[PDB]
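Each chain gets a letter, A, B and so on, in the order the sequences are listed, and its residues count up from 1.
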There are 2 protein chains.
Amino acid sequence: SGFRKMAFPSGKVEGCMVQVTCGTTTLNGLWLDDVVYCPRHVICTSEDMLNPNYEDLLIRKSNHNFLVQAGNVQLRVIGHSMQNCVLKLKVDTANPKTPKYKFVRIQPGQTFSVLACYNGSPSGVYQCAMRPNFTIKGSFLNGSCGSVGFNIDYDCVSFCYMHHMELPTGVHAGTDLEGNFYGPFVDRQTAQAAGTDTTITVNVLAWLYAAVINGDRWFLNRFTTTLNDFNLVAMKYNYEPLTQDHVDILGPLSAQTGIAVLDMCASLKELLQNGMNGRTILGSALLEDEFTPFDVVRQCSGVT
Amino acid sequence: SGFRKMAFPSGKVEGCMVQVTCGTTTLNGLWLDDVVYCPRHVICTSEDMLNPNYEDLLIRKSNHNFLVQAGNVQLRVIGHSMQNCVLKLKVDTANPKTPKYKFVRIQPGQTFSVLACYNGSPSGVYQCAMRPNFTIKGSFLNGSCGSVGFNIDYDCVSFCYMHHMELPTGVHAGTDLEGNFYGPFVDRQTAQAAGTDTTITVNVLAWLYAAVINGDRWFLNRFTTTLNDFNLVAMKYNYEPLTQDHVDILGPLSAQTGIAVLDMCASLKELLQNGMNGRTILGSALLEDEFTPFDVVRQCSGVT
Ligand SMILES: CN(Cc1cccc(Cl)c1)C(=O)Cn1nnc2ccccc21
Ligand SMILES: CN(Cc1cccc(Cl)c1)C(=O)Cn1nnc2ccccc21
């Protein structure tokens, strides 16, 4: 027992990290097979930042201007192309450490691990959620661009995120591995509105089930609710409206604990209306929304 | 910016994990050079659990009874020995993936990453602190024994923990890599008192400095305190007494923010006496003590 904000083991992704330098800028790249993927803003300089013309900036660059180094070994670049906001640098050597992998676009509310890197070297790994407004609340410093987010399903790494930017508000924005931003963001150094965010209701309910499994039960009550009534409370407290699809995804946890989903909703309703009264749930004094129902079952069953 | 409970990249440790089976029991082992380390309770059966006679149980075992498998490859055991609560199985092949490593005994209040494993396969990685009472609040299920805790200093893995037991209270106990338990615990299925725990004051102060660095400043006040006065408050709230050695370790963070350590102590004193007033610090509604001053600087500087 016990419940922690667990990240996937990062080894398979560490083997893919490289450093990419173009001119004066250095960031991280992801080397899979014979292609290195990195943020296209590696081609920008300090003046280019407010509104770069990426097509023009890339036309001034040749294969030999992209310096790619895998630890201490230099990679030979034999092609380059921009796809949305990523650059794809074709190299003459397939990464011998390429794991089985997929590129996936994750949905808002889903979770993933981030391997924060600097100069192609891994610094740390943490788990987070893609917010409903398509930002992530990560831990990134200058030089972390090109660090990736991923999930692992047995031996397959599904890459879902590449880091590109820290908005002036201190929240993070990035793209899928085809270079499409999550959310309305653009790769320019400008203030950009991130929409209104909400709390991921289905994840808070999953985490209350994790709490019951792991012995924290004080919040269980004698009440029940309906989806309609619960959604009036979710509206008031800026929580995502709960749907039958969310109730269905919570089925396994409901069966494992014997607590009907709407009864757990009534516990969540009372916690939203009354707060925690200075008590904690799984070591937290707030309602946690960064664990999906799949994460809770995975952590509570021991999946490798 | 941003601050997360970051674990070290786990790749170097994933390469060392193996499965060890003796009789009916399977747990994890750590393969470094030509030795596999694992908890000695791999030799116990269901009857042996209340008070195993480990010397007698091990005398019934031969090298060929220890089944060690590295992924899918079987290791040949050419020697076995018990050192405190660990078994050391000498194998005929040095692990080709052995990183540069050390065995260290960590101090209470220090932090480390855990790579949770089942059947020799990594499941997830998380960061935690060794509590002042020598327990850890981890996330472990049956089969996780032999999972290890570690820190990484550039290319060197310092292994500090091997998991052995979940106490009836749901907290975790284990040993250094020489098999010495942290705390008063013994490897038997009995209720065992874990001492009175305290909150790691120097880590809470380090985390308040991380909060100021990362923009959360609301808790800063117009006050100062002394070590003596602060320690009366620490006593009341079950916090570790602060010493000049702790103030010295906080020197770098104090210099980076320009906030004198005793002024930060006055902010911590007001938070202890008044609570958070329904506000948060770095996404937490409680005072966090699982980040050391070294962790905060490492995360805020980008060390790889
Ligand atoms: C370089 N820019 C802005 C930007 C992004 C895209 C294109 C352009 Cl042309 C300019 C960043 O925001 C890089 N960044 N990403 N995470 C960070 C964390 C802390 C400090 C900086 C960080
Ligand atoms: C087998 N024992 C008890 C024990 C420990 C040492 C020696 C003996 Cl003889 C018996 C455990 O506590 C193993 N364990 N460790 N973490 C766990 C998490 C959840 C469930 C079980 C877990």
K.L.:
Going by residue number, which parts of residues 134-146 of chain B are within reach of chain A, meaning a heavy-atom gap below 4.5 Å?
P.N.:
B/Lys137, B/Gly138, B/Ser139, B/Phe140, B/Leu141

K.L.:
What part of A/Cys128 is in contact with chain B, defined as an atom under 4.5 angstrom from a non-hydrogen atom: side chain, backbone, both or neither?
P.N.:
both

K.L.:
For A/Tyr126 versus B/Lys5, what's the shortest heavy-atom pair and its separation?
P.N.:
CB-O, 4.2 Å

K.L.:
Using non-hydrogen atoms and a 4.5 Å limit, figure out which bit of A/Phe3 sits close to chain B: side chain, backbone, both or neither.
P.N.:
backbone

K.L.:
For each of B/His172, B/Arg298, B/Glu14, tally heavy-atom pairs with chain A at distances under 4.5 Å, and name the one with the top tally.
P.N.:
B/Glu14

K.L.:
What closest approach, in Å, do A/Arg4 and B/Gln127 show between heavy atoms, and which atom pair accounts for it?
P.N.:
NH1-O, 3.3 Å

K.L.:
Using heavy atoms and a sub-4.5 Å threshold, report which of residues 268-294 of chain B line up against chain A, by residue number.
P.N.:
B/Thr280, B/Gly283, B/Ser284, B/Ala285, B/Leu286, B/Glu290

K.L.:
Chain A: which of B/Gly11, B/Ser123, B/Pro9, B/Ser10 shares the most heavy-atom pairs with it under 4.5 Å?
P.N.:
B/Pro9

K.L.:
So which part of A/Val125 gets closer than 4.5 Å to some heavy atom of chain B, the side chain, the backbone, both or neither?
P.N.:
both

K.L.:
Nearest 0.5 Å, please: how far is CD in B/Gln19 from OG1 in A/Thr304?
P.N.:
10.0 Å

